[PDB]
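What follows is the content of input24.txt, which has compact mmCIF, C-alpha atoms and all ligand atoms:
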```txt
# COMPACT_ATOMS: atom_id res chain seq x y z
CA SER A 1 33.19 64.14 147.89
CA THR A 2 31.70 65.04 151.26
CA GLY A 3 32.90 65.61 154.79
CA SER A 4 31.17 65.42 158.16
CA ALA A 5 32.72 66.54 161.47
CA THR A 6 31.34 66.90 164.97
CA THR A 7 31.52 70.35 166.56
CA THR A 8 31.64 70.58 170.36
CA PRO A 9 30.93 73.58 172.63
CA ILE A 10 34.13 74.78 174.40
CA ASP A 11 32.38 75.36 177.75
CA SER A 12 29.04 75.13 179.57
CA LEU A 13 27.74 78.37 178.02
CA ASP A 14 28.30 77.43 174.34
CA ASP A 15 30.67 80.37 174.05
CA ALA A 16 32.16 78.84 170.89
CA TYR A 17 32.39 75.48 169.18
CA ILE A 18 35.50 73.54 168.17
CA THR A 19 35.84 71.05 165.34
CA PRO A 20 38.85 68.75 164.85
CA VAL A 21 40.86 69.45 161.69
CA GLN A 22 43.75 67.36 160.32
CA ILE A 23 46.66 69.46 158.97
CA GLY A 24 49.80 68.15 157.35
CA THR A 25 51.44 64.77 156.80
CA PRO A 26 51.42 62.88 159.10
CA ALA A 27 48.22 64.51 160.35
CA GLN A 28 48.41 67.12 163.11
CA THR A 29 44.91 67.42 164.60
CA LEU A 30 43.98 70.88 165.85
CA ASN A 31 40.61 71.97 167.22
CA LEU A 32 39.48 74.96 165.23
CA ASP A 33 36.64 77.44 165.58
CA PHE A 34 34.69 77.32 162.31
CA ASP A 35 33.75 80.95 161.65
CA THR A 36 31.27 81.85 158.89
CA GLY A 37 32.05 85.56 159.58
CA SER A 38 35.75 85.46 158.61
CA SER A 39 37.87 84.01 155.86
CA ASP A 40 41.28 83.05 157.31
CA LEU A 41 42.30 79.54 158.36
CA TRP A 42 44.87 80.36 161.02
CA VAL A 43 46.49 78.25 163.70
CA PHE A 44 48.63 78.41 166.77
CA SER A 45 51.97 77.14 165.61
CA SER A 46 55.64 76.46 166.35
CA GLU A 47 56.12 80.12 165.27
CA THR A 48 53.71 81.60 167.81
CA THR A 49 55.44 83.83 170.45
CA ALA A 50 55.97 81.35 173.35
CA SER A 51 54.50 83.65 176.03
CA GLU A 52 51.26 83.83 173.91
CA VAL A 53 50.71 80.04 173.93
CA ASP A 54 48.97 78.57 177.03
CA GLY A 55 47.65 75.05 176.48
CA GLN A 56 46.77 75.20 172.74
CA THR A 57 47.85 72.45 170.39
CA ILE A 58 50.23 73.89 167.80
CA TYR A 59 50.84 73.19 164.13
CA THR A 60 54.56 72.56 163.39
CA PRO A 61 55.08 72.94 159.62
CA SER A 62 58.65 71.53 159.86
CA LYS A 63 57.14 68.16 160.91
CA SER A 64 54.79 68.04 157.87
CA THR A 65 56.21 66.53 154.71
CA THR A 66 53.54 68.33 152.66
CA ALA A 67 53.98 71.83 154.18
CA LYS A 68 55.52 74.53 151.98
CA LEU A 69 56.17 78.15 152.89
CA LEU A 70 54.02 80.50 150.80
CA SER A 71 56.98 82.79 150.22
CA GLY A 72 56.42 86.44 151.10
CA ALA A 73 52.84 85.98 152.26
CA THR A 74 51.69 87.51 155.56
CA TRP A 75 48.39 87.84 157.32
CA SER A 76 46.75 90.10 159.92
CA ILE A 77 43.13 90.06 161.07
CA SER A 78 41.12 92.05 163.62
CA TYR A 79 37.78 90.60 164.76
CA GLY A 80 34.55 92.40 165.77
CA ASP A 81 35.32 91.77 169.49
CA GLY A 82 38.75 93.56 169.26
CA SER A 83 40.76 90.31 169.15
CA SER A 84 43.47 89.91 166.51
CA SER A 85 46.28 87.67 165.24
CA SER A 86 48.97 87.74 162.53
CA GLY A 87 51.79 85.76 160.97
CA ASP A 88 53.09 84.01 157.87
CA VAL A 89 51.61 81.35 155.60
CA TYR A 90 52.21 77.74 154.57
CA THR A 91 50.32 75.62 152.16
CA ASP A 92 49.50 72.11 153.35
CA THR A 93 46.92 69.34 153.18
CA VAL A 94 43.87 70.01 155.35
CA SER A 95 41.10 67.49 156.07
CA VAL A 96 37.77 68.08 157.78
CA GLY A 97 35.59 65.12 158.55
CA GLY A 98 37.16 63.02 155.77
CA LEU A 99 37.10 65.81 153.12
CA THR A 100 40.66 66.66 152.02
CA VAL A 101 41.99 69.83 150.35
CA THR A 102 45.54 69.92 149.09
CA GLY A 103 47.37 73.21 148.87
CA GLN A 104 45.22 74.95 151.50
CA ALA A 105 46.66 78.19 152.90
CA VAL A 106 47.36 77.52 156.59
CA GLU A 107 48.10 80.87 158.23
CA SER A 108 50.66 80.32 161.01
CA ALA A 109 50.32 82.76 163.91
CA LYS A 110 53.42 84.59 165.06
CA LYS A 111 51.30 86.78 167.39
CA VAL A 112 47.87 86.38 168.98
CA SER A 113 45.96 88.75 171.28
CA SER A 114 45.27 87.98 174.90
CA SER A 115 41.74 86.54 174.36
CA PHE A 116 43.23 83.79 172.12
CA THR A 117 46.04 83.00 174.54
CA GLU A 118 43.52 82.81 177.41
CA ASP A 119 41.31 80.30 175.53
CA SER A 120 43.28 77.02 175.75
CA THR A 121 40.48 75.12 173.93
CA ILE A 122 40.74 76.94 170.56
CA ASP A 123 43.79 76.10 168.45
CA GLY A 124 42.82 78.49 165.64
CA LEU A 125 40.04 79.54 163.28
CA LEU A 126 38.72 78.12 160.05
CA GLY A 127 37.01 80.87 158.11
CA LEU A 128 33.92 80.09 156.02
CA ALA A 129 32.93 83.60 154.88
CA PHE A 130 33.73 84.68 151.30
CA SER A 131 37.37 84.61 150.22
CA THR A 132 37.23 88.38 149.43
CA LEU A 133 37.75 88.91 153.22
CA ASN A 134 40.88 86.74 153.45
CA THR A 135 43.72 88.84 154.89
CA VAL A 136 46.68 87.19 153.15
CA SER A 137 48.94 89.70 151.38
CA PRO A 138 50.11 90.19 148.72
CA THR A 139 48.16 87.25 147.20
CA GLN A 140 44.73 86.70 148.75
CA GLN A 141 43.98 83.05 149.58
CA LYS A 142 40.88 80.89 149.32
CA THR A 143 38.91 79.41 152.20
CA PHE A 144 38.78 75.67 152.80
CA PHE A 145 35.21 75.67 151.42
CA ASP A 146 36.13 77.59 148.28
CA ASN A 147 39.04 75.19 147.65
CA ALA A 148 36.83 72.11 148.29
CA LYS A 149 33.77 73.36 146.38
CA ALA A 150 34.49 71.94 142.91
CA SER A 151 35.10 68.43 144.44
CA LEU A 152 31.96 68.41 146.58
CA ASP A 153 28.85 66.48 145.60
CA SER A 154 26.90 69.77 146.09
CA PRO A 155 28.50 73.21 146.67
CA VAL A 156 27.17 73.58 150.22
CA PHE A 157 28.05 73.25 153.84
CA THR A 158 25.67 73.04 156.78
CA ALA A 159 25.92 74.16 160.39
CA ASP A 160 23.95 72.19 162.96
CA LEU A 161 25.11 73.62 166.29
CA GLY A 162 23.95 72.06 169.54
CA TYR A 163 22.50 73.71 172.63
CA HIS A 164 24.78 72.53 175.41
CA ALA A 165 25.59 69.51 173.19
CA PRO A 166 27.72 68.53 170.20
CA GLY A 167 26.53 69.24 166.67
CA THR A 168 27.76 68.80 163.14
CA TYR A 169 29.35 70.60 160.21
CA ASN A 170 28.73 68.80 156.93
CA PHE A 171 30.35 69.63 153.58
CA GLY A 172 28.87 68.65 150.23
CA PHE A 173 25.49 67.30 151.24
CA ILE A 174 22.31 68.19 153.14
CA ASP A 175 21.41 65.54 155.82
CA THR A 176 17.60 65.36 155.45
CA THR A 177 17.45 63.47 158.80
CA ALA A 178 18.98 66.43 160.71
CA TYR A 179 15.97 68.81 160.51
CA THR A 180 12.21 68.90 160.68
CA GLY A 181 9.84 70.31 158.07
CA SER A 182 11.33 72.03 155.04
CA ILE A 183 14.32 74.31 154.46
CA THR A 184 13.46 77.95 153.63
CA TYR A 185 16.09 79.59 151.47
CA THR A 186 16.73 83.32 151.42
CA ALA A 187 18.90 85.60 149.31
CA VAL A 188 22.48 86.44 150.22
CA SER A 189 24.47 89.58 149.46
CA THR A 190 28.20 88.91 149.14
CA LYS A 191 28.98 92.64 148.81
CA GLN A 192 30.64 92.87 152.29
CA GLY A 193 32.21 89.37 152.13
CA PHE A 194 29.63 87.85 154.53
CA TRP A 195 26.70 85.49 154.48
CA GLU A 196 24.50 88.60 154.63
CA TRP A 197 20.72 88.15 154.42
CA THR A 198 17.51 89.92 155.45
CA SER A 199 15.25 88.51 158.11
CA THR A 200 11.56 89.28 157.65
CA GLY A 201 10.86 90.19 161.30
CA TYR A 202 10.58 88.97 164.83
CA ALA A 203 8.35 88.11 167.74
CA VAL A 204 8.98 88.14 171.48
CA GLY A 205 7.62 85.14 173.37
CA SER A 206 3.98 84.47 172.46
CA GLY A 207 3.63 88.06 171.08
CA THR A 208 2.52 89.09 167.59
CA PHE A 209 5.06 88.85 164.81
CA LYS A 210 6.43 92.22 163.67
CA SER A 211 7.10 92.31 159.91
CA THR A 212 10.27 94.34 159.46
CA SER A 213 13.42 93.83 157.36
CA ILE A 214 16.56 93.14 159.44
CA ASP A 215 19.73 92.87 157.38
CA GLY A 216 22.45 90.85 159.13
CA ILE A 217 25.06 88.14 158.83
CA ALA A 218 25.00 84.46 159.69
CA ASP A 219 28.13 84.20 161.87
CA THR A 220 29.04 80.95 163.60
CA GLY A 221 32.08 82.64 165.21
CA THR A 222 29.95 85.14 167.17
CA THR A 223 28.36 83.79 170.35
CA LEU A 224 25.36 86.08 170.71
CA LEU A 225 22.49 87.54 168.68
CA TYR A 226 23.08 91.27 167.92
CA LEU A 227 20.02 93.13 166.64
CA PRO A 228 18.83 96.73 166.34
CA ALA A 229 18.23 98.60 169.60
CA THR A 230 14.48 98.81 168.99
CA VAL A 231 14.18 95.01 168.69
CA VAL A 232 16.43 94.30 171.65
CA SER A 233 14.56 96.83 173.87
CA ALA A 234 11.29 95.14 172.96
CA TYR A 235 12.68 91.75 173.97
CA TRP A 236 14.15 92.76 177.34
CA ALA A 237 11.09 94.84 178.25
CA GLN A 238 9.33 91.46 178.67
CA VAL A 239 11.82 90.35 181.40
CA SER A 240 11.16 91.80 184.90
CA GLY A 241 14.29 93.56 186.15
CA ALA A 242 16.25 93.42 182.88
CA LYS A 243 18.27 96.50 182.03
CA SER A 244 21.11 97.67 179.87
CA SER A 245 24.25 98.06 182.01
CA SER A 246 27.04 100.32 180.61
CA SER A 247 29.30 98.92 183.42
CA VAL A 248 28.78 95.28 182.30
CA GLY A 249 28.51 96.15 178.56
CA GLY A 250 25.01 95.04 177.66
CA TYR A 251 21.66 93.82 178.85
CA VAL A 252 21.59 91.91 182.10
CA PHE A 253 18.69 90.26 183.82
CA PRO A 254 17.94 88.57 187.15
CA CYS A 255 19.25 85.03 187.21
CA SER A 256 15.89 84.06 188.80
CA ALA A 257 14.02 85.03 185.57
CA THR A 258 12.47 82.67 183.06
CA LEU A 259 13.23 84.18 179.63
CA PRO A 260 10.77 84.39 176.75
CA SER A 261 11.57 82.87 173.41
CA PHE A 262 12.59 84.99 170.44
CA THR A 263 11.35 84.25 166.91
CA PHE A 264 13.00 85.51 163.76
CA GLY A 265 11.58 85.36 160.24
CA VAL A 266 13.17 83.64 157.24
CA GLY A 267 10.85 84.54 154.38
CA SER A 268 7.40 83.27 155.46
CA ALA A 269 9.05 80.76 157.85
CA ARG A 270 9.88 81.29 161.51
CA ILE A 271 12.77 80.05 163.68
CA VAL A 272 12.08 80.04 167.42
CA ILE A 273 14.97 80.54 169.82
CA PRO A 274 13.92 79.04 173.21
CA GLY A 275 14.30 81.39 176.16
CA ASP A 276 16.93 79.14 177.77
CA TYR A 277 19.22 79.71 174.77
CA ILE A 278 19.30 83.46 175.65
CA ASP A 279 20.82 82.76 179.11
CA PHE A 280 24.45 83.34 179.34
CA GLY A 281 24.66 82.94 183.12
CA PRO A 282 26.12 85.04 185.87
CA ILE A 283 28.08 88.12 184.83
CA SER A 284 30.80 87.11 187.28
CA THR A 285 31.11 83.97 189.20
CA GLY A 286 28.34 83.68 191.84
CA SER A 287 26.47 86.83 190.76
CA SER A 288 22.68 86.90 190.63
CA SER A 289 22.86 89.17 187.57
CA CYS A 290 22.90 87.15 184.35
CA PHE A 291 24.12 88.21 180.93
CA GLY A 292 21.66 88.31 178.04
CA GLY A 293 22.10 86.44 174.78
CA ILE A 294 20.35 89.10 172.72
CA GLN A 295 22.28 92.40 172.62
CA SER A 296 22.15 95.62 170.65
CA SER A 297 24.10 95.93 167.43
CA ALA A 298 23.94 99.74 167.50
CA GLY A 299 27.73 100.04 168.37
CA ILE A 300 28.81 97.39 165.71
CA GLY A 301 27.50 98.70 162.35
CA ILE A 302 25.96 95.28 161.46
CA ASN A 303 23.35 92.90 162.85
CA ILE A 304 24.79 89.47 163.68
CA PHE A 305 22.89 86.20 163.78
CA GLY A 306 25.45 84.46 165.96
CA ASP A 307 25.33 81.10 167.65
CA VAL A 308 22.31 81.96 169.84
CA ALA A 309 20.24 82.20 166.67
CA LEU A 310 21.99 79.66 164.47
CA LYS A 311 21.90 76.79 167.00
CA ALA A 312 18.07 77.02 166.97
CA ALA A 313 18.17 75.96 163.29
CA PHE A 314 19.70 73.65 160.71
CA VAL A 315 21.51 76.18 158.50
CA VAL A 316 22.53 75.65 154.88
CA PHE A 317 25.31 77.78 153.47
CA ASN A 318 24.68 77.37 149.74
CA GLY A 319 27.82 78.33 147.78
CA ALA A 320 26.35 77.83 144.32
CA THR A 321 26.89 80.45 141.62
CA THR A 322 24.14 82.53 143.28
CA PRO A 323 24.77 81.92 147.03
CA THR A 324 21.78 81.57 149.35
CA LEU A 325 21.15 80.65 153.00
CA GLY A 326 18.65 78.09 154.14
CA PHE A 327 17.07 77.63 157.54
CA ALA A 328 15.07 74.73 158.90
CA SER A 329 13.72 74.00 162.35
CA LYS A 330 15.15 70.91 164.08
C1 LIG B 1 39.05 84.29 171.45
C2 LIG B 1 37.75 84.89 171.07
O1 LIG B 1 36.73 84.27 171.83
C3 LIG B 1 37.36 84.79 169.60
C4 LIG B 1 37.25 85.94 168.83
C5 LIG B 1 36.70 85.91 167.56
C6 LIG B 1 36.29 84.70 167.06
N1 LIG B 1 35.49 84.69 165.82
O2 LIG B 1 34.94 85.73 165.46
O3 LIG B 1 35.23 83.60 165.34
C7 LIG B 1 36.43 83.53 167.77
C8 LIG B 1 36.98 83.58 169.04
NA NA B 2 31.19 87.89 177.82
```

What is this file in structure tokens?
Amino acid sequence: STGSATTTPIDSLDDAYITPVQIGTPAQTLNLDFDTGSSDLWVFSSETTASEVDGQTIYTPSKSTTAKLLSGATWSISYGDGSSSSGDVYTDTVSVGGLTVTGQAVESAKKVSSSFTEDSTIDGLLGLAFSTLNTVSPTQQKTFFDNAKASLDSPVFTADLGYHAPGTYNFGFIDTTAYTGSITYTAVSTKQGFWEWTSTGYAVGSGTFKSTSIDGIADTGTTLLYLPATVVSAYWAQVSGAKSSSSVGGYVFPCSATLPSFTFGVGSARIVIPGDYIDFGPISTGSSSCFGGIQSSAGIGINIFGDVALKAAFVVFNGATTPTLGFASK
């Protein structure tokens, strides 16, 4: 089997991407944020505290003939940005782009933090990191990908995120029309539950490539590119008037600037992030200070290849016995 679904940016900055997901019988379609840096499939629901729902579409298990309470199971997750949610668990039929899993754990939110409530466009998350990070207790649950894997034509999914445009998540096949050149594969460590890999270095604009190992994660549910302070300082030093602002919480730059590209290494290959992808617009409405898309990881504990990086590439998440990542230009 395979599946193929379009993923759409939630706003004009590509802050996140939503993908329609069918849950239950008859289908309830919710727009979920596919997150390769977490491992819970959780939804706004009929159980979510009413004051914490503002415009989201909810899953109602009582209207699904295939829903079944996973008795005793609870969940609680806290994300890198300080957001969180928690609740109880049902199993139900979940379909993505024509690929169906029966018995998928659907984590029903009883509580969500303010950032979720405030984002009317995201009805929940679909985690695509390793199932070792799944929060369900006392019996850990599998991700949609892990449950689908055995049925897929090939044990892979691919992320093809758009810049200010829709893109695609495919399951079970690699669309050879969706990228240019060849795919370069690189090793993955699953030790921390992530798609963790080591970039071979970077370049700023038309500058020389610096060969240096940068461990980090491929995380579709993080907007920006978080890299070591040395790397990030070297990038923003090439932008007149850029500075790190403790008041704003990262590097800002004049909105009048033209940004340089940023290249990262994948083995001997190179992925180039255009300068425009690193513009996250005014810090507040109407400001002439703009927020940078490359930020320091120094206060995270991990480097994160978020959407800024991943949407410059066709990315293969290879879930074979020995997982690997692949990157191609597009
Ligand atoms: C609501 C907030 O933007 C949000 C937080 C965390 C994730 N995630 O890591 O995928 C998505 C969305
Ligand atoms: Na922000």

Point (47.2, 80.5, 163.7) neighbourhood (12 Å, only C-alpha atoms) written as a PDB file with C-alpha atoms, keeping the file's coordinate frame:
```
ATOM      1  CA  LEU A  30      43.980  70.880 165.850  1.00  0.00           C
ATOM      2  CA  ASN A  31      40.610  71.970 167.220  1.00  0.00           C
ATOM      3  CA  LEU A  32      39.480  74.960 165.230  1.00  0.00           C
ATOM      4  CA  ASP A  33      36.640  77.440 165.580  1.00  0.00           C
ATOM      5  CA  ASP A  40      41.280  83.050 157.310  1.00  0.00           C
ATOM      6  CA  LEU A  41      42.300  79.540 158.360  1.00  0.00           C
ATOM      7  CA  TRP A  42      44.870  80.360 161.020  1.00  0.00           C
ATOM      8  CA  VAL A  43      46.490  78.250 163.700  1.00  0.00           C
ATOM      9  CA  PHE A  44      48.630  78.410 166.770  1.00  0.00           C
ATOM     10  CA  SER A  45      51.970  77.140 165.610  1.00  0.00           C
ATOM     11  CA  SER A  46      55.640  76.460 166.350  1.00  0.00           C
ATOM     12  CA  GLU A  47      56.120  80.120 165.270  1.00  0.00           C
ATOM     13  CA  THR A  48      53.710  81.600 167.810  1.00  0.00           C
ATOM     14  CA  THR A  49      55.440  83.830 170.450  1.00  0.00           C
ATOM     15  CA  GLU A  52      51.260  83.830 173.910  1.00  0.00           C
ATOM     16  CA  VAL A  53      50.710  80.040 173.930  1.00  0.00           C
ATOM     17  CA  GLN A  56      46.770  75.200 172.740  1.00  0.00           C
ATOM     18  CA  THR A  57      47.850  72.450 170.390  1.00  0.00           C
ATOM     19  CA  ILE A  58      50.230  73.890 167.800  1.00  0.00           C
ATOM     20  CA  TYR A  59      50.840  73.190 164.130  1.00  0.00           C
ATOM     21  CA  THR A  60      54.560  72.560 163.390  1.00  0.00           C
ATOM     22  CA  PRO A  61      55.080  72.940 159.620  1.00  0.00           C
ATOM     23  CA  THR A  74      51.690  87.510 155.560  1.00  0.00           C
ATOM     24  CA  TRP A  75      48.390  87.840 157.320  1.00  0.00           C
ATOM     25  CA  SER A  76      46.750  90.100 159.920  1.00  0.00           C
ATOM     26  CA  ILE A  77      43.130  90.060 161.070  1.00  0.00           C
ATOM     27  CA  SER A  84      43.470  89.910 166.510  1.00  0.00           C
ATOM     28  CA  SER A  85      46.280  87.670 165.240  1.00  0.00           C
ATOM     29  CA  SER A  86      48.970  87.740 162.530  1.00  0.00           C
ATOM     30  CA  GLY A  87      51.790  85.760 160.970  1.00  0.00           C
ATOM     31  CA  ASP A  88      53.090  84.010 157.870  1.00  0.00           C
ATOM     32  CA  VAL A  89      51.610  81.350 155.600  1.00  0.00           C
ATOM     33  CA  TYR A  90      52.210  77.740 154.570  1.00  0.00           C
ATOM     34  CA  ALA A 105      46.660  78.190 152.900  1.00  0.00           C
ATOM     35  CA  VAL A 106      47.360  77.520 156.590  1.00  0.00           C
ATOM     36  CA  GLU A 107      48.100  80.870 158.230  1.00  0.00           C
ATOM     37  CA  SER A 108      50.660  80.320 161.010  1.00  0.00           C
ATOM     38  CA  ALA A 109      50.320  82.760 163.910  1.00  0.00           C
ATOM     39  CA  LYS A 110      53.420  84.590 165.060  1.00  0.00           C
ATOM     40  CA  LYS A 111      51.300  86.780 167.390  1.00  0.00           C
ATOM     41  CA  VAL A 112      47.870  86.380 168.980  1.00  0.00           C
ATOM     42  CA  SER A 113      45.960  88.750 171.280  1.00  0.00           C
ATOM     43  CA  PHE A 116      43.230  83.790 172.120  1.00  0.00           C
ATOM     44  CA  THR A 117      46.040  83.000 174.540  1.00  0.00           C
ATOM     45  CA  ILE A 122      40.740  76.940 170.560  1.00  0.00           C
ATOM     46  CA  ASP A 123      43.790  76.100 168.450  1.00  0.00           C
ATOM     47  CA  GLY A 124      42.820  78.490 165.640  1.00  0.00           C
ATOM     48  CA  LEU A 125      40.040  79.540 163.280  1.00  0.00           C
ATOM     49  CA  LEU A 126      38.720  78.120 160.050  1.00  0.00           C
ATOM     50  CA  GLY A 127      37.010  80.870 158.110  1.00  0.00           C
TER      51      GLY A 127
END
```

- Message: Under the rule that all atoms listed in the file are counted, which of A:91, A:223, A:321, A:245 is the nearest residue to ligand NA 2 (chain B)?
- Response: A:223

- Message: For ligand NA 2 (chain B), return the neighbouring residues as a PyMOL selection string (distance at most 12 Å; only C-alpha atoms and all ligand atoms).
- Response: chain A and resi 13-16+81+115+222-224+248-252+279-284+290-293+295

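Comparing the minimum interatomic distances between ligand LIG 1 (chain B) and each of A:157, A:189, A:306, A:29, counting all atoms listed in the file, we find that A:306 sits nearest.
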
- Between A:325, A:257, A:94, A:5, which is the closest to residue 196 in chain A once you count all atoms listed in the file? A:325

- Query: For ligand LIG 1 (chain B), which residue among A:27, A:129, A:161, A:308 is the nearest when counting all atoms listed in the file?
  - Reply: A:129

- Query: So which residues touch residue 100 in chain A within 12 Å, counting only C-alpha atoms, skipping near sequence neighbours fewer than 5 positions away, as a PyMOL selection string?
  - Reply: chain A and resi 1-4+21-25+27+92-95+144-145+147-149+151-152+171

Output file for the selection above: C-alpha atoms, as a PDB file, in the coordinates of the input:
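Listing of selection-v1.pdb after writing:
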```pdb
ATOM      1  CA  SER A   1      33.190  64.140 147.890  1.00  0.00           C
ATOM      2  CA  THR A   2      31.700  65.040 151.260  1.00  0.00           C
ATOM      3  CA  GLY A   3      32.900  65.610 154.790  1.00  0.00           C
ATOM      4  CA  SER A   4      31.170  65.420 158.160  1.00  0.00           C
ATOM      5  CA  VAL A  21      40.860  69.450 161.690  1.00  0.00           C
ATOM      6  CA  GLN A  22      43.750  67.360 160.320  1.00  0.00           C
ATOM      7  CA  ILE A  23      46.660  69.460 158.970  1.00  0.00           C
ATOM      8  CA  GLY A  24      49.800  68.150 157.350  1.00  0.00           C
ATOM      9  CA  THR A  25      51.440  64.770 156.800  1.00  0.00           C
ATOM     10  CA  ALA A  27      48.220  64.510 160.350  1.00  0.00           C
ATOM     11  CA  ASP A  92      49.500  72.110 153.350  1.00  0.00           C
ATOM     12  CA  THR A  93      46.920  69.340 153.180  1.00  0.00           C
ATOM     13  CA  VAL A  94      43.870  70.010 155.350  1.00  0.00           C
ATOM     14  CA  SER A  95      41.100  67.490 156.070  1.00  0.00           C
ATOM     15  CA  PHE A 144      38.780  75.670 152.800  1.00  0.00           C
ATOM     16  CA  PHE A 145      35.210  75.670 151.420  1.00  0.00           C
ATOM     17  CA  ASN A 147      39.040  75.190 147.650  1.00  0.00           C
ATOM     18  CA  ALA A 148      36.830  72.110 148.290  1.00  0.00           C
ATOM     19  CA  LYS A 149      33.770  73.360 146.380  1.00  0.00           C
ATOM     20  CA  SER A 151      35.100  68.430 144.440  1.00  0.00           C
ATOM     21  CA  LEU A 152      31.960  68.410 146.580  1.00  0.00           C
ATOM     22  CA  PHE A 171      30.350  69.630 153.580  1.00  0.00           C
TER      23      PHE A 171
END
```

- Message: Applying 9 Å and only C-alpha atoms, which residues near residue 232 in chain A remain after dropping the ones on its own chain fewer than 2 positions away? List them as an MDAnalysis selection string.
- Response: chainID A and resid 226:230 234:237 251 294:297

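Using only C-alpha atoms and all ligand atoms for every distance, the candidate list A:188, A:101, A:214, A:128 yields A:128 as the residue closest to ligand LIG 1 (chain B).
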
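Between CA of residue 262 in chain A and CA of residue 205 in chain A lies a distance of 5.8 Å.
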
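Of note, CA of residue 140 in chain A and CA of residue 114 in chain A are spaced 26.2 Å apart.
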
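Distances here use all atoms listed in the file; by that measure, the residue among A:79, A:17, A:317, A:264 closest to ligand LIG 1 (chain B) is A:79.
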
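Interatomic distance, CA of residue 324 in chain A to CA of residue 185 in chain A: 6.4 Å.
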
Place N, CA and C atoms on range 272-284 of chain A and deliver the coordinates as a compact mmCIF listing (two decimals), in the coordinates of the input.
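Final file, rebuild-v7.txt:
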```txt
# COMPACT_ATOMS: atom_id res chain seq x y z
N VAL A 272 12.32 79.68 166.00
CA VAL A 272 12.08 80.04 167.42
C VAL A 272 13.31 79.68 168.23
N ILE A 273 13.88 80.70 168.86
CA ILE A 273 14.97 80.54 169.82
C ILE A 273 14.37 80.38 171.20
N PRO A 274 14.46 79.21 171.85
CA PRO A 274 13.92 79.04 173.21
C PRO A 274 14.56 80.07 174.13
N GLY A 275 13.78 80.47 175.15
CA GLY A 275 14.30 81.39 176.16
C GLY A 275 15.57 80.93 176.81
N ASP A 276 15.72 79.64 177.08
CA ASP A 276 16.93 79.14 177.77
C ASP A 276 18.17 79.41 176.94
N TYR A 277 18.05 79.48 175.62
CA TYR A 277 19.22 79.71 174.77
C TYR A 277 19.75 81.14 174.98
N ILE A 278 18.97 82.03 175.55
CA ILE A 278 19.30 83.46 175.65
C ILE A 278 19.94 83.71 177.02
N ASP A 279 20.17 82.64 177.78
CA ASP A 279 20.82 82.76 179.11
C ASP A 279 22.30 82.48 179.00
N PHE A 280 23.01 83.53 179.33
CA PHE A 280 24.45 83.34 179.34
C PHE A 280 25.02 83.40 180.77
N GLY A 281 24.20 83.23 181.77
CA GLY A 281 24.66 82.94 183.12
C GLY A 281 25.20 84.18 183.80
N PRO A 282 25.69 83.94 185.03
CA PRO A 282 26.12 85.04 185.87
C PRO A 282 27.17 85.93 185.22
N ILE A 283 27.10 87.19 185.43
CA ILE A 283 28.08 88.12 184.83
C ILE A 283 29.45 87.90 185.39
N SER A 284 29.56 87.47 186.60
CA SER A 284 30.80 87.11 187.28
C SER A 284 30.43 85.97 188.17
```
